[PDB]
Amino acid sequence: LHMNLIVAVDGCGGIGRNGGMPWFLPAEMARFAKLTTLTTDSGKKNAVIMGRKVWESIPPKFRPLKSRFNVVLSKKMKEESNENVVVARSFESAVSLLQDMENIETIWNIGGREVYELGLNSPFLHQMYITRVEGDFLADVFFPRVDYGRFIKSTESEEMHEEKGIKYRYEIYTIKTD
């Protein structure tokens, strides 16, 4: 059972501004949905684990994230009536429930700085799929401080991408104990 982190950070390490995203990148978001949705074993599902403010920053039409199992960490949210969503009061309990479910193939840590930090300290930590966006978007939330020395960066050829006047590039990292 793998836990991969997926994030889009800017030149300063920013991920959030004013409770929302500092940018909108539809092609990047499409790649995000593909990476987080597609499983190898047909019929098996992925799980996304997110913090409450991520959940609330998703457009409610796209919410819950379709074809995935949503786990929202929150100490304040009421239980979610929907079946593809569960509210988990702690990281450890969320990870316990996920490793308990048989049909979950890969757990995608999709955001919340604290969610990211707890994942980075997790035994299930596998890969980081980072989208390095160029420039300073005046973010107020950031990605955790991470020791990249624990990781091996994939060497595949990664071109630059540009949409909406914004440039960015994909990077992949794998924990060195694999």
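Heads up: residue numbers just count along the shown sequence, starting at 1.
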Should the higher mean CA B-factor in the entry be assigned to 50-58 or to 135-143? 50-58
On mean Cα temperature factor in this entry, is 40-48 or 118-126 the higher one? 40-48
Would you please rank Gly111 by its C-alpha temperature factor against the other modelled residues of its chain and give the third it falls in: lowest, middle or highest? highest
Taking the chain's C-alpha temperature factors as the reference, tell me which third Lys164 falls into: lowest, middle or highest. highest
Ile104 - which third its CA temperature factor falls in, relative to the rest of the chain: highest
Which third of the chain does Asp10 land in by C-alpha B-factor: lowest, middle or highest? lowest
Using the temperature factors of the C-alpha atoms in this entry, rank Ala94 within its chain: lowest, middle or highest third. middle
